[PDB]
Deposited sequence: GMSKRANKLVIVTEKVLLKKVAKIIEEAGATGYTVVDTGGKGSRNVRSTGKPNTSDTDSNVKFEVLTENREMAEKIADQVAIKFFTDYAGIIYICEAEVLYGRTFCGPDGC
């Protein structure tokens, strides 16, 4: 099944706040890693709409005050 792999790279301080947004958006799960260049979230979303809803919330709420980038990659889910 084709899915959207939404990736959010932002400042580590927003880890708890962004994780809440992902969960409240109805994301079934997500990965989070520490990165240099910060924290990187990866979320396979049900549909495009959910990927965009999470992206819009994060951006609108934190991207005037915080550094970050958001992107989508196409993923084909085999299991899970």
query: Missing segments of the deposited chain sequence, listed N- to C-terminal; finding: 1-3, 41-59, 103-111
